[PDB]
Structure formats: structure tokens, C-alpha cells
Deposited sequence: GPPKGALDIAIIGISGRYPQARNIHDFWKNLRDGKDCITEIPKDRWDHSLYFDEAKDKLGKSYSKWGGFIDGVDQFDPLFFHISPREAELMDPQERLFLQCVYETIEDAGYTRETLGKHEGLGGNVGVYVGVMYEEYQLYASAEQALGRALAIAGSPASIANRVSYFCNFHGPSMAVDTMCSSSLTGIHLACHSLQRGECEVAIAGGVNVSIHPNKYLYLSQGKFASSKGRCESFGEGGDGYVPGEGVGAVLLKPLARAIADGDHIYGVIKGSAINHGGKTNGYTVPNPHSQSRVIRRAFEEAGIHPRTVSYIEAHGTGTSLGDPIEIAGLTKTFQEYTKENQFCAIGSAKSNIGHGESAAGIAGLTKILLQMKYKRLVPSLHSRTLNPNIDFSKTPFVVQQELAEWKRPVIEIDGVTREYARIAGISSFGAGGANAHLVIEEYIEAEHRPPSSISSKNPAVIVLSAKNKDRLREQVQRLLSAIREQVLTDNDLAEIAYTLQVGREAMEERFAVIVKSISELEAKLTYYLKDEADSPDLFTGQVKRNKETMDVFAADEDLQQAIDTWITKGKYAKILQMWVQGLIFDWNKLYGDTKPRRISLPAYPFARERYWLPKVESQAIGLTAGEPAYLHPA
């Protein structure tokens, strides 16, 4: 069993600049196939090169995919609650076909590996659609072996029904993710890739090959296909070779059980079009969001089922309405048991490069933060950005996230922690000491209003203070002083100096059992255009 945990996602897909917006469009059932400004994405060229130490020229030269994927990978890293310097030996695998420019696509990954100091393997795989899913497969096995401690898989498609989109996933072994208290969107249990061979024509798919790849995947996963509850399909209902796909699945299902209409099935490419690589990463993201919010969403334009596909004789039901995704109870070989939310995804390349993944939801065995927050030991919320525009946007997005996500006094410890270690220290800095969620809400809204002076609200920069804050750390005696600051709990002085530049290991605050991380909003990248 692979047991590879997914601990971070980001992406930008049509009519959805962020992942939460993507869930909105999927759950509501929006058809995101807009007219040309095929489904397309907002801000193909938008980028914040000064953030990445990139000259505006180099930005204009960079293919939009390199830029967007770099931004999306930073977004995933921040979503997982890590920074570039806290991983590990990290692989970077990216699927892509279109890198059209004028006077290579490996840059897309290499740049990332270059910008994050990732010493693990960095490549871009191409297998047409499967380009995305194949990447994941490779990454996963590169982890199974030990080639890398962590990985980044993803896809990106920008065209100049087609469908644009970029997306990225961070991958880590399940063992050390449980151990390191990451938040786990799901677990990859099995993966498989293969090819059709000499079919009756080129670009024509071999159903026997699809059945074989899907069997091989579930076998690697040690998962009986009856336990399956959802299948992200490669194509939509009108796609010419969608019949073959269904048939193949059904064959490899009938080997293990002859039952019919028990597993849900859909495709996100009916909502945002066929993005090929973007489509693979988007299908994975749809499965993971379904698992998070415990709901099957509908695949659109599936109404009035095609006569070519009589699902009645297959174990697959087309999700037409939004419905609850319940953990199924099933009798199998005379064993009646409840099984977890399990899903499969298929991406078949036009050339014949088939790929299938098997995904199980994550369930914490035993773990809870006993709301340690109080006046004796409070929460220490800290944000930072490259300037004040972005710092204020960050405060805003944090407030809106605490609201739309509905966080509580129990998550304060975790919120604080994720913002402390899972955010990179920037030039413009803001911080508060808090006990309840309402206190933090009040202080953030206070900062937001134009006031030069605030109560117990620490602001600062690093532009000004360099040599003094520097000379601080360059001494053991003064370091002992900061350590005693922590022990005594003078958090207010610590913040008053941190806003000026002082750097200190947040882990020192609590000597044991650091809390879990959470999905917090990413750095609000400046949206400047570059296209030449």
C-alpha cells in the first residue's frame, strides 16, 4: 500500500481564482465554460515577480505557465502550513504540454526547484491528458523508494472544448504526516499507469488496457472495487470514446462483484472543459473537496442520459443532484462492514497513456487540541507581507477566512501555529496577542480601519532596523535573554521586537506536542500583468 498523504493543495481553474471559489462553482453546479475573454482562467499573465526575486524582464520572458505554477506551488506550500525552508529534499513533478512562446517547459518545475531550494528530482512529464496524473504516480513512487522526503506534483495548461487551469499538490508519506501533525486532505492508496498497445487505430483507446490499469491500481491499493463510492471519469457524456471508458471500468468491476448501480460517477471537465493536464489535477482536486465537505457534486449537462450508455447494467450512477457522500455499509464475502469514502480517478491520454489513482479519506485515530488558550498562555497571531498593501490584504483575507470557514477558540492554537511556522517572515509585519477568536477578530478589524495608533497591536518593519536586530542574535548571552523572555511569558516585548526584525524559534514557546496546521489563505500575490 502506497499510503501517501496529501497535505496541501492550490490551483486556479476557470471562474475560480482560488480553491474555495472552485468548490463554490462545483457545489452550486455552475457551468464555467464562458466565452473567450471554452473555459478559461482569470489573469493568465498575472504575476508578482518582485516577490520571487525576478526581474520584470525575466517575468515577461517566463512562459505564463512557469509563472502561474510557481505562484500555485508557493500557494500549496503555504496552504499546507510550511515554508520553503522547512521541508526535509523535495521532488517537483509537473505535467504540461503547451509551453508556446517566441524568441523549455522543464523551467516550470526547475524554476520552482530553483526558487525553493528543492534538491529532489525536478522534471516535467508529458503524456497528453494523463500528463497530470502520471506526474503524481511518479512522485508517489519516488516517495515509496526514498528518492525524496516530500514531493510536489501538479499540472498547468494555458492555451493561446478546451480548458485552461493550473494546480498543484504536496505529497508526504502518511506515517510522517500523522507524526508531524499536518492536516491531511486525503490518502493516495494506489496508482497505476500503462499503455494500450496496437489498438484498432491510433488515438483509439483499448478498453482491455483501461480495465487492466484500473485493476492494477486497486490491487496496489489493496482495495476491493465494491468499497468504491465515486469515480472521477476521464471524459464527459458526449465525448466520443466515453462509452469505451465506462465499459472498461465495468469489466474490471465485474471480476470482483456483479452488483450494479452502487458507485457514484462524474467528471469535472463538464464544468470547466478538458484541460488535459489541468484536467487531471482538477479531477484530483474535485475528489479531495468532495471528501472534505462530505458531498457528491453533480457533473453538468448529464441530464437526459445518453442512450449509448445504459448505466443500469453497470455499478455506476451519474450524480445529477448535490447529495451527501455517506460512508457505505456493505456485505462482501459474508462480511458486513462500514467502509470509508473511497474514490477512483481516471485520465486516459489521447495517445494511449492511461492512468488511474485510488484515494481514501483520512480519519484521525486520536488527537484533539484541548483549547490551551488562556490569559496565562495566549495565542500569538502574526502576519507579514512584502509591503503594507499586501499586509492589509492579508489581514482582510484572514478575517474573511475565519468567517467563511467558521473557526473557533479551539483552532486558535492551530491558527497561531500555522501563521507562525507556515508563513515566511516578510518585510512589513503585524502581530497581536489574543485569547478568543472574537478578540482576534476585533484586533484585525481595528488594524483594518485607518488608525496610526492601536492597543496591544504591534506593527513594524525591517527596512529600517538591520545592524541592531542583527547584533542581537549574534551573541549567546543576549540569546539567553530572549529565551528567558519566552519562559517568563513577556510575549508583548517579544512581539514589540519581532515586528522590528528579531527572529526566534516559535517552537521554543511550547516544549512539546505542537498543534495541527490548517488551511489558511495564501500570500495575496500582486496581480501585475506581463505579456510583452
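> Relative to the deposited sequence, which regions have no modelled C-alpha positions in the structure?
Missing C-alpha atoms (numbering from 1) occur across the ranges 1-5, 43-66, 118-124, 140-155, 213-242, 615-635.
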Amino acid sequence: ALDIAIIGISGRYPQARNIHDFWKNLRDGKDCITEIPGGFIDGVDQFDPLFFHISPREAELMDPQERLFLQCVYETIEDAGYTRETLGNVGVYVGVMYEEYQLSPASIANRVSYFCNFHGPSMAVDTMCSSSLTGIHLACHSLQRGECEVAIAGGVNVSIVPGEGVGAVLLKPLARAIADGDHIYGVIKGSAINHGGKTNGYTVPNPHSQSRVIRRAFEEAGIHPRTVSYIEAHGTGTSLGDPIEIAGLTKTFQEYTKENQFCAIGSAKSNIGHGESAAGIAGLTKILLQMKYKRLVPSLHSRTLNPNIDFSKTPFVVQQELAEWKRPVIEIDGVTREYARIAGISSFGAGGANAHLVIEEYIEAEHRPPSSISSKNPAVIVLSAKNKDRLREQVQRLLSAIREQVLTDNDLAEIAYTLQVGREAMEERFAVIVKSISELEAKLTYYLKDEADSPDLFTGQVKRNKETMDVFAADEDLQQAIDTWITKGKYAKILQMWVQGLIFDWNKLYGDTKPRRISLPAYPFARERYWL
From here on, numbers count along this sequence of modelled residues.
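> When the C-alpha temperature factors are averaged for each of 28-36 and 64-72, which stretch ends up with the higher value in the entry?
Mean CA B-factor is higher for 28-36.
> So which stretch wins on mean C-alpha B-factor, 183-191 or 229-237?
The recorded data point to 229-237.
> Quick one: which of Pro173, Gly163, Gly154, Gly146 shows the highest Cα temperature factor in the PDB entry?
Result of the comparison over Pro173, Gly163, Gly154, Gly146: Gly163.
> Tell me which of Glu360, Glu245, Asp411, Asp79 tops the list for C-alpha B factor in the record.
So the option with the highest C-alpha B-factor is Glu245.
> Against its chain's modelled residues, does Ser113's Cα B factor rank lowest, middle or highest third?
Lowest third, going by the recorded CA B-factors of the chain.
> Sorting by Cα B-factor within the chain, modelled residues only, which third would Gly511 end up in: lowest, middle or highest?
Highest third - that is where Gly511 ends up once the chain's C-alpha B-factors are sorted.
> State the tercile, meaning the lowest, middle or highest third, of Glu428 with respect to the CA B-factors recorded for its chain.
Answer is highest: the recorded C-alpha B-factor places it there.
> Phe316: which third of its chain by C-alpha temperature factor?
For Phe316, the deposited C-alpha B-factor lands in the middle third.
> Hey, what third does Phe348 fall into on Cα B-factor, ranked over its chain?
Within its chain, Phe348 is a middle-third residue by C-alpha B-factor, going by the deposited values.
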